[PDB]
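Participant: One structure coming up, written as structure tokens, with questions to follow.
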Amino acid sequence: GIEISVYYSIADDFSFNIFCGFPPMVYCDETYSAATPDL
Amino acid sequence: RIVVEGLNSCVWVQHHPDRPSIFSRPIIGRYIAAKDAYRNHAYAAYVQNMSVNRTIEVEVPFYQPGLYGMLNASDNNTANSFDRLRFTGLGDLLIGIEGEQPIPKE
Amino acid sequence: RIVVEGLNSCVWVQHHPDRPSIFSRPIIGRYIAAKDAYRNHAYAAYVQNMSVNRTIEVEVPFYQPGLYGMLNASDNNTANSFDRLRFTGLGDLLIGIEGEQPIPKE
Amino acid sequence: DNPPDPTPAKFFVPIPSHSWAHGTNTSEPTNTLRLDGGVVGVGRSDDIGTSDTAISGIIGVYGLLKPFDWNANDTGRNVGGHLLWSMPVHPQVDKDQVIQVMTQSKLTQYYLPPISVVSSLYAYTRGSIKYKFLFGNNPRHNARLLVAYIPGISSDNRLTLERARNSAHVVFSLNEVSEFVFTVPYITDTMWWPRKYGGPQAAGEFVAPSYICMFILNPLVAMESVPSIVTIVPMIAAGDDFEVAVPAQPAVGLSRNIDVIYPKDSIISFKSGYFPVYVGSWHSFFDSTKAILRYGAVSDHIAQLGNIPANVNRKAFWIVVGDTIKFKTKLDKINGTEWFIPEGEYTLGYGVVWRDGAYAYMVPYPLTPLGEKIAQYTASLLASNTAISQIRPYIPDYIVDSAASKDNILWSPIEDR
Amino acid sequence: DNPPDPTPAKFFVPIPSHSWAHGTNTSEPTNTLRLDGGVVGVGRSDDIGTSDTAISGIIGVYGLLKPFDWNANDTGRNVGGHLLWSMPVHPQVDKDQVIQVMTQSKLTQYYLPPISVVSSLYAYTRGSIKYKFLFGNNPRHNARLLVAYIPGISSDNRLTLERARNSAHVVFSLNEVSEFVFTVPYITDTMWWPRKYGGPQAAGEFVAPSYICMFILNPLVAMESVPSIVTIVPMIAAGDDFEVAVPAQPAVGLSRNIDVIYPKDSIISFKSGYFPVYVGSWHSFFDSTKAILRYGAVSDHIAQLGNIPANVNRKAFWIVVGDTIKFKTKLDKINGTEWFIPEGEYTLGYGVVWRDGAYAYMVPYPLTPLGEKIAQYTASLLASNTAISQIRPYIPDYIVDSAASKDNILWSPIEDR
Amino acid sequence: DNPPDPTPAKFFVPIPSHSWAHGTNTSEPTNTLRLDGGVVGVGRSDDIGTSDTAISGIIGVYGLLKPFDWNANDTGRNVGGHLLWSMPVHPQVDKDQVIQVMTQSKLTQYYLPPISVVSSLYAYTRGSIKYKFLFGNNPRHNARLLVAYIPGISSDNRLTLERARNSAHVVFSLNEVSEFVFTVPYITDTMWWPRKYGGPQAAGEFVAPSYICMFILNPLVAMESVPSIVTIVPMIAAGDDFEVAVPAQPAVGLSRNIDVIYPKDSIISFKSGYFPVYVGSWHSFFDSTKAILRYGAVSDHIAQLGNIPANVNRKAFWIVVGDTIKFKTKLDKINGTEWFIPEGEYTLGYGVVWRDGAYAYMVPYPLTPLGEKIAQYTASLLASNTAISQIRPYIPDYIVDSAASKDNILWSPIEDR
Amino acid sequence: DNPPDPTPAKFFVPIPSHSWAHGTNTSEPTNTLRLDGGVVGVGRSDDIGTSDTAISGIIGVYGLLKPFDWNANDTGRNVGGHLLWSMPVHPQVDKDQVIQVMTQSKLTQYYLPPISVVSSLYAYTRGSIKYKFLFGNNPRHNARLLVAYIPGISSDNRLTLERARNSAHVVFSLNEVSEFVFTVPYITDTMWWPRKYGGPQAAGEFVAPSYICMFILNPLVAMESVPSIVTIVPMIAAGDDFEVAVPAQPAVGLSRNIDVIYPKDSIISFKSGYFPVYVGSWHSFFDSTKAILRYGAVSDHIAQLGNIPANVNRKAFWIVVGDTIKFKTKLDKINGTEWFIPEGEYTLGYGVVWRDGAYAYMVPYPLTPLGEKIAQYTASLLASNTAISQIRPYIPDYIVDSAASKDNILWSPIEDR
């Protein structure tokens with residue numbers, strides 16, 4: 001098959017405009033544990 | 001802008017301003033008359049190897065003997081054949097192949 | 001402008017201004033004498049890989065001992081062999097291959 | 001005229017794309033999908049502000065931390081020298097000092113403050129931190145607190161009021177005052193400090209450099225016509241001197257999708273015929289007063305775990321992945337800690353492996369933030385070959401046999417600080 | 001002399017072609033097929049104008065809309081408060097307010113005004129619209145009309161004269177005046193308004209923001225020596241404040257070739273042995289007073305449709321693709337509408353599916369713009385499980401059995417607003 | 001020092017070669033095969049002129065056209081009003097007004113004037129043309145001629161002196177004058193006029209816009225001691241106002257190699273057993289007074305042609321490709337023309353197909369420029385189903401059976417204006 | 001800030017390398033293998049001169065030509081009008097006027113003067129040539145010489161003193177003078193003159209334009225107490241007006257490796273059983289007084305040559321490639337020439353093919369520069385079918401049978417001017 005990878009970023013005319021709260025987050029270190037430091 | 005995909009050979013392109021078609025449909029391959037099927041001399045042309053780029057970019061000029069060229073012209077035109085023949089189209093553009101490489105089954 | 005299609009190898013081109021042909025037809029392959037069939041030294045040359053570009057662009061200079069070169073010269077010329085030999089053509093241009101790659105059946 | 005141009009060709013190096021890393025102080029060639037082929041940018045007005053992504057304006061906004069109660073009638077705790085609240089100082093807050101939401105088989109959601117969210121995007125950090133303390137009091141309540149910043153300390157293991165006074169500290173009076181801010185210093189042996197939480201498998205993680213602790217100087221007083229409990233709500237923001245160094249893999253992800261696929265290679269379960277399982281007791285384990293997983297009511301019928309891979313850390317406890325069960329357990333308060341489990345029905349979320357010869361057994365723990373801590377501590381005690389009699393108070397009690405599982409139960413290895 | 005040139009090579013990114021989207025404010029490298037290798041352009045003179053593609057000059061030209069008659073002797077309609085003419089306001093005109101030409105098995109040709117043609121090339125639109133009204137009168141005729149612009153309304157469902165007067169409106173007197181223009185405002189909750197008609201499968205389509213309505217204030221009067229009918233010809237052009245935002249897939253195509261190949265996967269027909277078909281009656285369907293397609297004269301011999309795919313919208317009616325038939329039907333005027341079909345011979349162009357258990361039957365409709373509307377409305381009534389007795393007036397009547405088809409008849413799914 | 005160069009890479013488009021069409025007003029990068037790597041050009045002096053390729057200097061040179069005799073004793077032709085010489089006006093001369101050399105099985109060589117050669121390189125043309133007329137007279141001869149330029153006429157079908165005087169014309173007196181030039185105007189409904197002769201298969205061909213004609217006003221007079229014939233040699237050059245627009249496929253090729261390979265698919269011949277062939281007579285064809293090709297002396301033994309492809313134009317005649325034969329024929333002068341074939345031995349070069357039912361026969365024509373014209377005219381008469389009795393005078397006469405061919409004879413389709 | 005750069009990409013043409021031909025007046029991009037990445041060049045001082053490759057300074061240096069003796073006692077040759085020395089004038093010297101070293105089966109080494117070496121690198125040449133003549137005399141010797149430059153002559157076939165005086169010439173007196181220079185003119189019908197010797201297979205070769213000849217005006221006189229022989233050593237250098245036009249394949253190669261592989265396709269030998277061979281006599285060839293190669297002592301046992309390819313020039317003689325033999329032969333002085341072979345033992349180096357019907361025989365020639373000339377001349381005489389009696393004096397004589405060869409002897413085709 002073919003593989004298509006789309007990367008993206010903000011343009012120069014872009015603006016993140018009105019700051020409301022952050023939503024609650026998850027922690028990446030709680031996906032794959034360090035209980036098996038190499039896996 | 002001619003985009004040719006699937007061919008590893010070379011493409012030649014000619015512009016025939018004094019030979020424009022009186023039909024609004026293209027002619028393909030073995031149905032093209034000999035007068036056009038082969039490269040003519042002295043015409044403005046461009047020859048491009050697909051190995052360097054598979055996209056050809058050309059600009060076709062206006063070489064007509066009159067004031068205007070007709071837009072939206074009919075293919076059913078016998079009362080004004082002259083208008084339809086030489087005062088309508090910019091002239092045929094021919095796209096051909098220059099090499100011995102075979103064409104893939106696709 | 002030399003356009004070579006179908007070959008993946010390298011092409012060499014030499015200009016022999018002091019060796020112009022007395023015939024108005026080219027010589028091909030195994031019929032070319034050894035003196036010309038192989039790259040000569042010290043001649044103005046250009047060597048081009050087909051992998052980078054399949055079109056070679058060169059300009060051949062005028063290197064003749066006289067005032068003019070003859071246009072429209074005859075191949076049947078025995079009374080003026082000297083004129084036909086060195087005062088007619090710019091000198092042969094030789095196009096060869098430099099590599100071990102086989103030529104396709106086409 | 002057709003003059004030749006024998007100007008020598010230049011050497012150039014072909015590359016497929018422009019910079020992937022650069023985000024400032026450079027132009028970026030690109031094919032704009034517009035009709036106008038110049039330098040074009042969307043129109044603006046006062047209706048549409050400028051980008052509000054200036055970091056200092058973001059991390060200056062206070063975020064809420066885990067609140068706690070301050071009971072004036074507690075003749076045991078409400079005394080001079082008592083430690084009310086303490087934690088390491090770093091921009092990301094400790095996970096156990098932040099409001100949480102847990103989901104069985106999914107990831108935990110953490111309510112991180114703005115300074116914590118932004119910091120998880122960068123590798124280094126430095127500067128003062130503003131700790132705002134909000135008190136639920138009225139003009140009757142009075143007390144005095146001593147809050148301290150202890151450089152080079154990560155825990156309260158050697159921490160007492162009479163030591164805390166020997167570091168940078170402040171003394172707050174709660175006399176008709178409900179809010180105050182303790183802007184703590186930045187005291188380090190280096191200029192930038194590595195973030196604590198990093199990436200998957202603790203990628204690029206480290207520890208906090210200092211500790212903040214709140215001690216009772218003069219105990220809380222109330223009266224009879226007034227609430228005896230005063231809640232304290234800690235909040236956190238960046239000081240004016242705060243900075244963030246280097247873009248790295250975000251320590252965080254959004255909570256729009258809290259699904260996660262644990263590695264199949266680490267999964268363990270019970271051997272065939274040793275499931276379904278239930279929580280119960282047996283005699284050879286603290287005279288059947290503690291909870292373990294059994295596969296039947298005949299004795300020495302304690303569920304055995306399948307092959308446990310050798311790459312699994314010895315100090316690691318486990319978390320249930322698939323379906324689970326509910327069970328009634330309890331745990332009495334442990335000496336020197338605020339660790340206790342009231343008697344109630346809890347879901348099974350964590351487990352600790354109890355080894356007896358060539359047989360491996362599993363000890364159940366409740367799906368609760370405190371259950372996570374007690375499970376981890378127990379696994380550590382088994383790791384150091386601690387006396388069987390001294391691990392006893394860290395194990396949930398046996399009350400009554402619980403429901404059985406539908407089928408086998410799957411577990412995944414985890415480990416905390 | 002042959003000095004080395006060790007100047008560092010530059011990084012460059014190879015791409016096969018120049019911009020495809022840019023049409024203004026940029027140069028375009030290209031290989032000109034000329035003898036002159038400079039910047040060359042065809043010669044000009046006053047004999048040859050400059051390009052007349054300036055949009056404002058195009059959309060300013062009035063285009064004709066569907067005319068209508070205004071009968072002074074109609075003691076029913078020619079009364080105060082009566083709605084003569086109304087439609088949504090948008091640059092593309094509604095399809096049913098434009099002169100049409102239909103072709104069996106082909107696409108309909110619409111005579112769109114310049115403002116409508118240009119607008120179908122762009123995604124957004126805004127500004128005032130000039131509605132010119134031309135009246136076929138002479139100095140004897142007199143009336144007064146009230147034309148209104150109702151912002152935020154798309155239909156006349158709640159529209160009355162006594163409400164229309166409560167929006168922006170004008171009052172025209174027909175006293176020896178034959179032409180007047182009503183330049184309507186642009187009243188929207190946003191700055192650009194998305195076009196109504198878009199692309200295939202209603203790609204990127206939306207609705208109109210406002211409504212224009214013409215009411216009778218003072219009814220038309222004529223005399224005995226003068227025509228009692230006054231035709232009204234509506235025309236449309238862009239106001240001086242009109243603009244078009246963003247290039248998109250043209251909503252339109254030329255009429256040089258009106259051929260179309262409907263998707264083979266959506267085509268439905270009658271089961272084998274259930275065709276040829278003809279239009280007739282049977283008792284269990286409104287006592288055989290309505291038209292349905294039969295395959296024979298024995299009763300309960302009603303043509304059955306083949307498998308109807310589940311991806312077909314429930315509110316969709318059908319259009320005949322291949323060969324068809326002619327049939328004589330009629331429909332009496334429906335209460336509250338100007339909907340009626342005079343008794344005549346019509347070609348079969350549309351159909352609505354009538355379901356009875358595991359059997360599906362097809363109801364015939366005439367190939368006429370009004371037949372298209374009635375067919376759609378009926379399909380919608382079946383969709384909401386409307387009373388069988390209330391759908392009855394929307395079904396063509398049975399007059400006499402019609403000719404049979406050569407063979408099976410093929411149908412394709414369609415749906416309107 | 002080794003500073004980084006993070007300057008963004010530029011987008012560039014790779015192409016294999018520089019312009020192929022450009023010949024002026026541009027530079028051309030190339031690899032010069034020299035020792036000197038700069039802009040180098042061969043040395044010059046007065047011994048070596050500058051390029052003499054300026055068009056105006058080329059097409060200004062007179063070229064010779066087909067001469068003709070002007071006989072003072074011809075009491076039939078040498079009369080007032082008689083047309084001596086006429087042709088369409090265009091830069092390429094008509095082929096039949098130019099000196100020719102024919103070669104069996106090869107191409108014809110035409111002696112084109114400089115204005116004709118140059119014009120065949122370009123697509124369009126315009127301007128005045130200088131027609132110089134040279135007379136072979138001495139002071140005894142006298143006459144007056146009227147030469148006219150008729151705009152919008154291509155032939156002499158409606159041309160008379162009394163009409164020619166109603167267009168731009170000149171009146172020349174031959175009284176002790178031997179040379180004069182008639183610079184004709186350019187009268188067209190457009191600015192450029194397409195060339196007449198184009199490429200293979202009449203590619204891009206068209207017609208001439210106007211006609212030039214020479215009439216006898218006052219007939220030629222001589223005396224008894226003086227030649228009664230005066231030759232007239234027409235010559236042609238471009239006027240000072242002449243221009244050439246657009247490079248196209250040359251209408252011409254050199255005569256160094258006049259070989260040509262006619263398309264094998266168009267070739268026709270006689271069926272097997274119906275060759276060798278000879279020229280003879282038979283009764284059912286104008287009572288055996290006309291020439292046809294037979295395969296034997298028994299009657300109804302007329303050579304039959306093989307399958308003739310349907311793509312061959314109906315008005316087309318044929319030309320012999322391979323070996324051929326010689327035959328003695330004649331043709332008497334045809335009314336209203338100067339068309340006659342004196343009795344002589346001619347080679348067989350052309351043929352016209354005579355159809356009789358399912359059988360196709362071939363009529364022989366001499367390899368001569370006039371034979372080419374008569375053959376074409378005959379083929380056209382058969383095309384319009386002209387009366388068999390009216391085509392009779394255009395067919396070569398039968399004199400005597402000629403030699404037979406070695407084998408079959410091959411023919412190729414051709415067609416003229 | 002990250003502004004877009006929509007600047008249109010440029011068309012560029014990729015080529016693999018920079019110029020191969022350019023050697024001056026241009027830069028050459030390259031990857032310098034240095035630590036310093038700028039324009040770097042090796043250091044210099046007076047210890048290290050500048051390049052001494054200026055042509056004029058090279059070709060100005062005199063080179064030695066083949067010396068010759070001038071015998072005062074030769075009452076035959078030392079007379080007025082006698083030609084002492086002569087050759088064509090061109091920058092490369094004639095091969096037979098240059099000191100040589102021959103090697104069996106290898107290439108000849110020529111001691112070319114600087115003007116000759118440099119000229120073999122270029123295609124064209126022009127200018128005056130300085131011929132310095134050095135005489136081995138003392139104050140007793142006296143003579144007068146006339147040296148002439150004959151334009152347009154290549155040989156002495158029509159050359160006499162009484163004709164030489166009718167061209168540019170000088171008259172030298174040997175009266176107590178030992179050196180003088182004759183700077184000869186450049187008299188040509190063109191500006192550059194093509195080099196004489198070119199490349200393999202006489203590639204691009206031509207002839208010399210003029211001739212230089214030394215005649216005896218007043219014969220050499222000596223006395224009895226003084227040497228009667230005066231040696232003359234000719235030397236050659238370029239005049240101040242000398243120039244060289246165009247780089248071509250060097251006419252020369254170094255003598256470090258004088259090996260050469262002659263084409264296998266041209267090699268000829270004796271038929272099987274007709275070798276080994278020896279030099280001898282037989283009666284049917286000038287009564288057995290001349291040398292031929294035999295394969296035995298029975299008569300009519302003359303070695304036969306194998307198949308001789310038809311592409312071999314008729315005027316060509318042959319050279320031995322592999323092993324060879326020595327043989328004793330002689331040749332008496334031929335009338336009108338200085339051609340003679342003294343009686344001695346010589347190696348077999350050359351051969352000429354003598355044809356007798358379907359049989360081909362080989363005639364032996366000595367490996368000596370004069371033997372090369374006589375062999376060539378003989379082959380030419382056989383080419384023009386010269387009388388058998390007139391070729392006789394050009395054939396080596398038979399003295400005695402020589403040794404036989406080890407095996408067959410291989411020959412390769414060659415040809416001289």
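In the structure tokens, chains take the letters A, B, ... in the order shown, each chain's residues start at 1, and ligands count up from 1 in the order shown.
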Given a cut-off of 8 Å, which residues of chain D touch chain G, counting only C-alpha atoms, written out as an mmCIF file with C-alpha atoms, in the first residue's frame?
Facilitator:
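Output (result_0.cif):
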```
data_model
loop_
_atom_site.group_PDB
_atom_site.id
_atom_site.type_symbol
_atom_site.label_atom_id
_atom_site.label_comp_id
_atom_site.auth_asym_id
_atom_site.auth_seq_id
_atom_site.Cartn_x
_atom_site.Cartn_y
_atom_site.Cartn_z
ATOM 1 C CA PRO D 8 29.195 28.425 -14.803
ATOM 2 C CA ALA D 9 26.451 26.332 -13.233
ATOM 3 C CA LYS D 10 26.238 26.415 -9.450
ATOM 4 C CA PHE D 11 26.413 23.425 -7.124
ATOM 5 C CA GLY D 23 8.568 28.251 14.389
ATOM 6 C CA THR D 24 9.921 31.791 14.693
ATOM 7 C CA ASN D 25 12.452 34.223 13.200
ATOM 8 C CA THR D 26 12.372 32.856 9.636
ATOM 9 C CA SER D 27 10.339 32.808 6.424
ATOM 10 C CA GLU D 28 8.661 29.647 5.163
ATOM 11 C CA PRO D 29 8.259 29.090 1.431
ATOM 12 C CA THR D 30 4.967 27.349 0.674
ATOM 13 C CA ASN D 31 2.238 26.999 -1.929
ATOM 14 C CA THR D 32 -0.613 29.187 -0.718
ATOM 15 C CA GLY D 37 -0.328 35.136 -5.069
ATOM 16 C CA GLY D 38 1.340 37.658 -2.781
ATOM 17 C CA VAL D 39 1.977 37.733 0.958
#
```
Participant: Give me, as a PDB file with N, CA, C and O atoms, in the first residue's frame, the residues of segment 152-285 of chain E that a backbone DSSP run labels alpha helix (DSSP H).
Facilitator:
```pdb
ATOM      1  N   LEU E 161     -50.180  40.304   5.143  1.00  0.00           N
ATOM      2  CA  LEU E 161     -49.967  41.730   4.891  1.00  0.00           C
ATOM      3  C   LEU E 161     -49.780  42.505   6.193  1.00  0.00           C
ATOM      4  O   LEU E 161     -48.909  43.367   6.306  1.00  0.00           O
ATOM      5  N   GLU E 162     -50.593  42.159   7.181  1.00  0.00           N
ATOM      6  CA  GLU E 162     -50.644  42.876   8.447  1.00  0.00           C
ATOM      7  C   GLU E 162     -49.431  42.556   9.327  1.00  0.00           C
ATOM      8  O   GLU E 162     -49.254  43.137  10.401  1.00  0.00           O
ATOM      9  N   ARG E 163     -48.602  41.627   8.857  1.00  0.00           N
ATOM     10  CA  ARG E 163     -47.304  41.358   9.472  1.00  0.00           C
ATOM     11  C   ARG E 163     -46.164  41.929   8.630  1.00  0.00           C
ATOM     12  O   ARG E 163     -45.163  42.410   9.166  1.00  0.00           O
ATOM     13  N   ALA E 164     -46.322  41.863   7.309  1.00  0.00           N
ATOM     14  CA  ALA E 164     -45.297  42.322   6.374  1.00  0.00           C
ATOM     15  C   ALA E 164     -45.008  43.813   6.533  1.00  0.00           C
ATOM     16  O   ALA E 164     -43.895  44.274   6.275  1.00  0.00           O
TER      17      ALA E 164
END
```
Participant: May I have the residues within 9 Å of residue 324 of chain F as a PyMOL selection string, using only C-alpha atoms and disregarding those fewer than 6 positions away in the same chain?
Facilitator: chain F and resi 104+347-349+405-406+409-410
Participant: Deliver the residues from the most recent selection as a file, using N, CA and C atoms, as a CSV table (one decimal), in the first residue's frame.
Facilitator:
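Saved file selection.csv follows:
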```
chain,number,residue,atom,x,y,z
F,104,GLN,N,9.2,11.1,-63.5
F,104,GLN,CA,8.4,9.9,-63.3
F,104,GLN,C,8.7,9.3,-61.9
F,347,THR,N,4.4,9.3,-72.1
F,347,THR,CA,4.4,8.4,-71.0
F,347,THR,C,3.1,8.4,-70.2
F,348,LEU,N,2.8,7.3,-69.6
F,348,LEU,CA,1.5,7.2,-68.8
F,348,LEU,C,1.8,7.7,-67.4
F,349,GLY,N,1.2,8.8,-67.0
F,349,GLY,CA,1.5,9.3,-65.7
F,349,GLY,C,0.3,9.4,-64.8
F,405,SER,N,2.6,-3.4,-70.5
F,405,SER,CA,3.5,-3.2,-69.3
F,405,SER,C,4.2,-4.5,-69.0
F,406,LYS,N,5.3,-4.3,-68.2
F,406,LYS,CA,6.1,-5.5,-67.8
F,406,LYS,C,5.2,-6.4,-66.9
F,409,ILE,N,0.5,-2.3,-62.8
F,409,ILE,CA,0.8,-0.9,-62.7
F,409,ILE,C,0.2,-0.4,-61.4
F,410,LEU,N,0.9,0.3,-60.6
F,410,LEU,CA,0.5,0.8,-59.3
F,410,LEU,C,0.1,2.3,-59.4
```
Participant: Find the distance between atom CA of residue 101 of chain D and atom CA of residue 234 of chain D and write it in Å to one decimal.
Facilitator: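 Distance reported for this atom pair: 18.7 Å.
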Participant: Using only C-alpha atoms, pick whichever of B:88, B:64, B:53, B:81 has the shortest atom-to-atom distance to chain G.
Facilitator: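 So, comparing all the options, the nearest one is B:53.
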Participant: I'd like the contact shell of residue 23 of chain A - 8 Å cut-off, only C-alpha atoms, skipping same-chain residues fewer than 2 positions apart - returned as a PyMOL selection string.
Facilitator: (chain A and resi 21+25) or (chain D and resi 111+254-255)
Participant: Extract the full set of strand (DSSP E) residues from segment 230-295 of chain D according to DSSP on the backbone, and format it as a list in words.
Facilitator: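 Matching residues for strand (DSSP E) in segment 230-295 of chain D are residues 230, 231, 232, 233, 234, 235, 236, 237, 238, 243, 244, 252, 253, 278, 279, 280, 292, 293 and 294 of chain D.
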Participant: Skip segment 45-56 of chain E itself and residues of its chain fewer than 4 positions away, then list as a list in words all residues within 9 Å of it, counting only C-alpha atoms.
Facilitator: residues 67 and 68 of chain B; 60, 61, 118, 238, 239, 240, 242, 243 and 244 of chain E
Participant: What's around residue 147 of chain F at 12 Å? Count only C-alpha atoms, leave out sequence neighbours fewer than 5 positions away in its own chain, and write the answer as an MDAnalysis selection string.
Facilitator: chainID F and resid 81:87 131:133 160:161 163:173 180:184 211:217
Participant: Dump C-alpha atoms for the selected residues as a PDB file, in the first residue's frame?
Facilitator:
```pdb
ATOM      1  CA  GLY F  81     -10.890  42.196 -75.298  1.00  0.00           C
ATOM      2  CA  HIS F  82      -8.893  38.970 -75.433  1.00  0.00           C
ATOM      3  CA  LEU F  83      -7.452  37.630 -72.175  1.00  0.00           C
ATOM      4  CA  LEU F  84      -3.721  37.036 -72.662  1.00  0.00           C
ATOM      5  CA  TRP F  85      -2.671  36.053 -69.169  1.00  0.00           C
ATOM      6  CA  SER F  86      -4.270  35.813 -65.727  1.00  0.00           C
ATOM      7  CA  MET F  87      -3.826  34.273 -62.281  1.00  0.00           C
ATOM      8  CA  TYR F 131       4.616  42.483 -61.213  1.00  0.00           C
ATOM      9  CA  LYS F 132       7.291  43.349 -63.756  1.00  0.00           C
ATOM     10  CA  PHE F 133       6.481  42.550 -67.370  1.00  0.00           C
ATOM     11  CA  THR F 160     -14.245  40.256 -69.231  1.00  0.00           C
ATOM     12  CA  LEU F 161     -12.331  43.400 -70.248  1.00  0.00           C
ATOM     13  CA  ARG F 163     -15.692  44.320 -66.239  1.00  0.00           C
ATOM     14  CA  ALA F 164     -11.963  44.452 -65.441  1.00  0.00           C
ATOM     15  CA  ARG F 165     -11.990  48.193 -66.164  1.00  0.00           C
ATOM     16  CA  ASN F 166     -14.238  48.529 -63.115  1.00  0.00           C
ATOM     17  CA  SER F 167     -11.474  47.632 -60.659  1.00  0.00           C
ATOM     18  CA  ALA F 168      -8.014  49.014 -59.911  1.00  0.00           C
ATOM     19  CA  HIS F 169      -6.146  48.742 -63.212  1.00  0.00           C
ATOM     20  CA  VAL F 170      -3.384  50.172 -65.387  1.00  0.00           C
ATOM     21  CA  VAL F 171      -3.076  50.715 -69.132  1.00  0.00           C
ATOM     22  CA  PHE F 172       0.331  50.041 -70.674  1.00  0.00           C
ATOM     23  CA  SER F 173       1.530  51.148 -74.110  1.00  0.00           C
ATOM     24  CA  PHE F 180       7.104  48.115 -66.963  1.00  0.00           C
ATOM     25  CA  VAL F 181       6.030  47.300 -63.421  1.00  0.00           C
ATOM     26  CA  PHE F 182       2.474  46.944 -62.146  1.00  0.00           C
ATOM     27  CA  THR F 183       2.589  47.312 -58.372  1.00  0.00           C
ATOM     28  CA  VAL F 184      -0.765  45.816 -57.419  1.00  0.00           C
ATOM     29  CA  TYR F 211      -6.960  38.133 -59.238  1.00  0.00           C
ATOM     30  CA  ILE F 212      -4.679  39.783 -61.791  1.00  0.00           C
ATOM     31  CA  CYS F 213      -5.625  39.791 -65.470  1.00  0.00           C
ATOM     32  CA  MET F 214      -4.049  41.112 -68.658  1.00  0.00           C
ATOM     33  CA  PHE F 215      -6.421  42.124 -71.460  1.00  0.00           C
ATOM     34  CA  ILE F 216      -5.808  43.228 -75.025  1.00  0.00           C
ATOM     35  CA  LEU F 217      -6.938  46.816 -75.513  1.00  0.00           C
TER      36      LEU F 217
END
```
Participant: Could you state the separation of atom CA of residue 340 of chain F and atom CA of residue 141 of chain F in Å, given to one decimal place?
Facilitator: 29.0 Å
Participant: What are the residues of chain B that have an atom within 12 Å of an atom of chain G, counting only C-alpha atoms, as a list in words?
Facilitator: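 Result: residues 48, 49, 51, 52, 53, 56 and 57 of chain B.
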Participant: Select residues of chain A: the criterion is any atom within 9 Å of an atom of chain G, counting only C-alpha atoms; output as a list in words.
Facilitator: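 Taking only C-alpha atoms into account, residues 11, 12 and 13 of chain A sit within 9 Å of chain G.
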Participant: Determine, counting only C-alpha atoms, which protein, DNA and RNA residues have an atom within 10 Å of an atom of residue 21 of chain B; residues of the same chain fewer than 5 positions away are not included. Present the result as a compact mmCIF listing (two decimals) with C-alpha atoms, in the first residue's frame.
Facilitator:
```
# COMPACT_ATOMS: atom_id res chain seq x y z
CA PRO B 26 -9.82 15.95 -29.46
CA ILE B 27 -8.36 13.31 -31.80
CA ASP B 75 -19.37 22.68 -34.67
CA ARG B 84 -15.03 28.59 -37.73
CA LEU B 85 -11.78 27.46 -39.32
CA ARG B 86 -9.37 30.31 -38.66
CA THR B 88 -12.14 30.52 -33.56
CA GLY B 89 -9.35 28.38 -32.14
CA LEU B 90 -5.76 29.19 -31.21
CA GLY B 91 -4.58 26.29 -33.34
CA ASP B 92 -4.19 22.63 -32.45
CA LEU B 93 -1.71 21.55 -29.79
```
